[PDB]
Every structure is written in structure tokens, then in C-alpha cells.
């Protein structure tokens, strides 16, 4: 529950930053500061008006990357909101705010999971990476695609990539996303982690453009994350209990995988 608490605190810190695309508003800095403290190598890839982060712990393959974005969609009229959109207020077990579901809650859970994992296993096989962009929700010409190009140009590999977009439809863990728009161990690892943590089996469905670009590297790409019912809406929120479970699920995934 200590870990749950860390996930929630980080999510609030992120939510409070009004990172309307492509403006990062310091979210990637918060994130890089925490990881750097645990021995992660920090690489900044800014391009035009977009901020991108590539953070890695480890040297060897397999390379497992967590990918996500710090940007959020406009709020709409504030008179429609019960809590102000960037307040990160917790009401009857729900964390409210623009970004809470899409995707700052899940971003916080991936981060806490990577940290927890590295703290327990500093000599872990393979490499744990985070790939974070400030522009997924708008035009995205200079976001994840820039990072992918940069990595490909120097023959740097990603084996597996967990895209922390909110994938759950009715109940947390009910839906995982994989495959191609037009028709491995990662899928296995996340499926088991979900089963083991919350006792249900996800349905694999056939998808963000961002995931789509990472897949061009020949990474196995899977999307998993919280309930998506409230994304891009007023009074966007996410269950704190769910954030807690996400943390556990991601950590378990790494265990399973590495």
C-alpha cells in the first residue's frame, strides 16, 4: 500500500501540470529526476516544440520499454467541471482531472513499477526503458516518431514495448490491445500479471499511432491500462484502487518477462 501511495502522489503531481499538447509543463523533468536517482541513464530528445525522454536501466537485450505521453487534450469550459481540471482532487476513491485516465495515472504506475523492480533487482537481465513524449494527442510529427527514428539511426533495439494507454472497457484488466491496424513473451507476461493480480483474464483486441511507430522497430507492442470511459471528457477520473492495481500489474509483468 506504500507503493499504491507512491503511484497516487506521482499521478497528482503530473495531473497538476497543465500539459496541453505539445507543452510538457515539466512533467518529463519530474519523471527523469526520480529515475536518474535510481541509476537510469537519461537522454533528452527535444525537437521543435515537443519534449521527448528516453530513459534506460541496464545494458543487455532484451529491452522492455514502457511508452506513454505527458500531454493532455483541452479541458473545455470549466463551468462543466465539478473539480477544477488540474486540481488532482481525490473524491470518494476517484482521482479527478484532465489526464487522470489518459494517461498520467498509468504513466505514474509504469514509472513506480520500473523503480520498484530496479530497486529489488539492480543486476537484472536486459534493459528497462521509458519512452515518453509531450505530443501524442495532437499532430505528433515530432514526438514518439522522432525518438523511433533516432534509435533506428544508431541501430538501437526495442524488443518489447508496453504502451500504458487506458485499454480497459468495463473492468480493469478486461482488455489488452495488440497487433496491426490493418491486420509473444510480452502478451504472455501482461496476461499472467493481470490474472495473478486481479483474477481475471484479458481479452486481446486488434491502437495508438505511437504504438504503431514503435512496432516498426520490430518490437512486440502491447497496450494495457485503466478504464477508458472518461478519457477526453469533462470530469475525467480514475480509481485510486485501480492505480494501485496497475502498479502491481506492471511490476509483475517485469518479473514475468525478465
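Positions refer to the first chain, counted from 1.
Where residue 206 is followed by residue 207 in the displayed chain, the model omits 1 to 3 of the deposited residues that sit between the two.
The mean Cα B-factor in the deposited entry runs higher for 165-173 than for the other of 165-173 and 108-116. Set 194-202 against 22-30 and average the Cα temperature factors; 194-202 ends up higher.
Taking the deposited Cα B-factors for 41, 70, 59, 52, the highest one is held by 59.
Annotation for residue 143: CA B-factor lies in the lowest third of the chain's modelled residues. Per the deposited record, the Cα B-factor of residue 134 falls in the lowest third when ranked against the other modelled residues of its chain.
Residue 66: CA B factor lies in the lowest third for its chain, per the PDB record. Placement of the Cα temperature factor of residue 236 within the chain: lowest third of the modelled residues, per the deposited record. Per the PDB record, residue ranking by Cα B-factor puts residue 127 in the lowest third of the chain.
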